[PDB]
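Topology and contacts: notes
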Amino acid sequence: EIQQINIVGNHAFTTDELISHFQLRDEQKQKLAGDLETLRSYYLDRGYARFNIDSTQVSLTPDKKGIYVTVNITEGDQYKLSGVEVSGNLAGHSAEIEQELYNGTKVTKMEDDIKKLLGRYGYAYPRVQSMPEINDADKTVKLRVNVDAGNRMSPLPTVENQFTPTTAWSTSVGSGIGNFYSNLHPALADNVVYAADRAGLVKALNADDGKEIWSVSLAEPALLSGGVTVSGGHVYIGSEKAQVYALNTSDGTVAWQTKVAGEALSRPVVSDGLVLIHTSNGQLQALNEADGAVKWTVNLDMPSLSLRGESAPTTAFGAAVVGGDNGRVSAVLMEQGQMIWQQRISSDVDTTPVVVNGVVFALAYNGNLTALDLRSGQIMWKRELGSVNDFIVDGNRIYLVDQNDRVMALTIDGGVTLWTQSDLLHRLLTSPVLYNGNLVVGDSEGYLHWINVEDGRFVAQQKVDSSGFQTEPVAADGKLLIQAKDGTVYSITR
């Protein structure tokens with residue numbers, strides 16, 4: 001099963017229609033090549049010579065099947081036919097064969113007729129190769145045709161919970177991310193909650209009240225996937241349509257918009273007048289806070305099957321430590337993204353380092369959870385547990401969620417386990433956060449599970465929203481928040 005096919009760089013035609021001829025919505029690499037050519041054929045049939053497919057990316061959600069496809073193109077300009085030239089060993093049929101917008105099909109259609117016409121005369125294996133001669137100066141294509149002739153999921157567990165948690169408020173935010181593996185999640189700063197819908201809708205809510213204070217549509221679905229960050233009175237959101245938006249907290253009006261190299265899936269991190277983004281084409285990118293202009297850009301590298309991403313960095317004194325596939329951490333200085341050191345920690349993909357302090361903590365799908373030297377890249381120690389979802393380092397420990405919705409407290413020193421909870425196995429769980437000294441996380445069936453940190457046992461268990469959970473629970477300013485797949489945003493209170 002595949003969840004989505006995307007096209008990035010497509011401004012002439014709308015995405016859903018070029019796709020519509022794709023034979024790939026179906027439940028495999030062999031055919032994608034077939035459809036990359038439908039993609040081309042389609043542009044070359046509309047005079048878009050000098051059209052290019054830069055990158056093709058196959059992704060797979062953490063739940064072990066929800067294949068994602070992204071086709072990064074760079075759309076050419078329009079070119080008309082300047083004329084036709086017919087050359088080669090025809091050589092006396094040169095008059096019978098020789099007798100608008102550039103149509104790649106028509107050309108190839110032409111080819112076949114030239115290839116077939118000689119076929120009537122017994123030329124069984126003649127080969128023609130027609131190259132478009134282009135001048136970008138006046139945007140026209142001259143077609144030249146040389147020719148050679150033929151020779152002739154585990155259940156819930158029971159829980160005795162005191163406390164009883166309880167929802168303080170709920171406010172709708174469109175149709176949410178749905179099953180689309182997003183990273184979108186609320187954010188709070190100075191008392192307003194900023195959440196968004198994958199379609200484009202963005203809302204700002206009273207934290208204490210839960211009531212809109214401004215709403216805006218950023219649409220052509222925006223396809224928001226990375227967010228929501230907040231810093232310096234801005235609201236940074238990245239979309240799968242390769243666009244990063246910065247909004248004023250006050251009116252929710254677009255401060256700036258930046259074209260990015262690819263799908264901005266990661267949460268944007270704002271340290272030091274910057275916004276670091278990780279794109280699905282393995283691009284780490286920095287842009288100014290005020291104008292959103294690209295300062296530097298680094299190609300991390302990427303494989304054929306991958307995350308659904310992307311590792312969002314940490315800032316450690318003018319370094320960005322970022323992971324992502326290939327499956328190795330990359331620490332780059334901030335102006336201008338010069339590789340210092342790259343250490344492999346290893347489907348080898350990766351997720352957000354924590355730095356506390358001079359030591360980097362990484363996790364990758366499959367093995368493994370690493371602790372690293374910030375300044376040199378050494379591995380101080382390791383494990384064989386991972387997931388592509390985040391992990392907090394409160395105190396001298398590490399509370400993670402494992403590949404299989406396992407839960408673990410491990411020391412900061414050793415990743416010697418203290419405890420493990422495993423009754424939520426394969427329940428498709430969120431990232432872990434502490435709220436009032438208790439570890440809280442949600443799952444695809446809607447509950448939020450409050451686990452204590454001394455032992456591993458559920459102190460509480462609740463049902464908030466049948467639609468399910470997938471995105472980070474956000475705990476800040478004594479307020480816990482989480483947003484569902486349906487889009488509904490919640491503020492829980494004990």
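About the criteria used
Residues numbered from 1 in each chain as written, not as in the entry; some residues may be left out. Heavy atoms only, no water. Residues with missing side-chain atoms left out of burial classes, pairs and counts. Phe/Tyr/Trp six-rings, centres within 6.5 Å; stacked < 30°, edge-to-face > 60°. Buried < 20%, exposed > 50% of the residue type's maximum accessible area, 1.4 Å probe, protein only. Helix = DSSP H or I, 4+ residues; strand = E, 2+ residues; numbered from the N terminus. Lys NZ or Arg CZ within 6 Å of the ring centre and 35° of its normal. Salt bridge = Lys/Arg side-chain N within 4 Å of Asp/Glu carboxyl O. Pairing = 2+ DSSP bridges. Patch = residues over 30% accessible without salt bridge, like charges linked within 9 Å, V, L, I, M, F, W, Y side chains within 5 Å. Areas by Shrake-Rupley, 256 points an atom, 1.4 Å probe, with all protein chains shown as cover. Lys, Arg positive; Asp, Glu negative; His and termini not counted. Charge placed at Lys NZ, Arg CZ, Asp CG, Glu CD. 1 Å grid on protein atoms, 1.4 Å probe; cavity = no way out; pocket = protein on both sides within 12 Å on 5 of 7 lines; lining within 4 Å. Points joined across faces, edges and corners; volume = space filled by probe spheres on them. Domains from an automatic or database assignment.

Looking at the method and resolution fields of the entry, one finds X-ray crystallography and 3.10 Å.

Focus: the packing of aromatic side chains
Each aromatic ring pair is specified by the distance between its two centres and by the angle formed by the two planes. Considering all chains together, one arrives at 9 aromatic pairs under this definition. Measuring from centroid to centroid gives 5.6 Å for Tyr43 and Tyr48, while their planes differ by 85°, and the two rings are edge-to-face. Just as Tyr43 is buried, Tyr48 falls in that class too. Centroid distance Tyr236 to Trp256: 6.0 Å. Interplanar angle 55°. Geometry classified as tilted. Of this pair, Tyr236 sits in strand β13 (residues 234-239) while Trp256 is found in strand β15 (residues 254-259), placing the two residues 20 residues apart along the sequence. By relative accessible area, which is 4% here, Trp256 ends up buried. Grouping aromatic residues by their ring pairs yields a cluster made of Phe13, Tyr42, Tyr43, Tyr48 and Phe51. Its end group placed over the ring of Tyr42, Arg46 keeps NZ or CZ at 3.6 Å from the ring centre. Stacked on the ring of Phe180, the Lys or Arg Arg198 has its end atom at 4.2 Å from the ring centre.

Points about the pattern of salt bridges
Opposite charge on two side chains lets them pair, provided their charged atoms get close. Tallied over the full model, the rule gives 12 salt bridges. Its salt-bridge partner being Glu37, residue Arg40 comes within 3.4 Å of it at the nearest N-O pair. One end of the pair is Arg40 and the other is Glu37, both in helix α2 (residues 29-44) and 3 residues apart, which spans about a single turn. The exposure class of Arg40 is partly exposed, given its relative accessible area of 37%. Taking the relative accessible area as the measure of exposure, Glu37 reaches 48% and is therefore partly exposed. Notably, a salt bridge pairs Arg328 with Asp301, separated by 3.9 Å at the nearest N-O pair. Here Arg328, found in strand β22 (residues 328-333), pairs with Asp301, found in the loop between β18 (294-299) and β19 (305-306); they are 27 residues apart in sequence, far enough to count as distant. The structure contains a network of salt bridges with shared partners spanning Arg198, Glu240, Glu263 and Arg308.

Things to note about the pairing of β13
Burial analysis of β13 places 6 of its 6 residues in the buried class, the great majority of the element. With burial as the criterion, each face of β13 is covered, one bearing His234, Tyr236 and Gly238 and the other bearing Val235, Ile237 and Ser239. Bridge count for strand β12 (residues 224-231) against β13 is 5 bridges, and the pairing is antiparallel. Its bridge partner lying in β13, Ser231 is registered against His234. Following β12, the chain reverses through 2 residues before pairing antiparallel with β13; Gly232 in that reversal takes a positive phi of roughly 60°.

A short note on a negative patch on the surface
Side chains of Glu1, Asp26, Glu27 and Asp63 sit close together on the surface and give a patch of like negative charge. Inspection of the secondary structure puts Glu1 in the segment before β1 (2-8).

Regarding empty space enclosed by the protein
Size it by volume and the largest cavity reaches roughly 30 Å³. Taken domain by domain, the makeup of the lining of the largest cavity includes at least three residues from each of domain 1 (1-78) and domain 3 (153-494).

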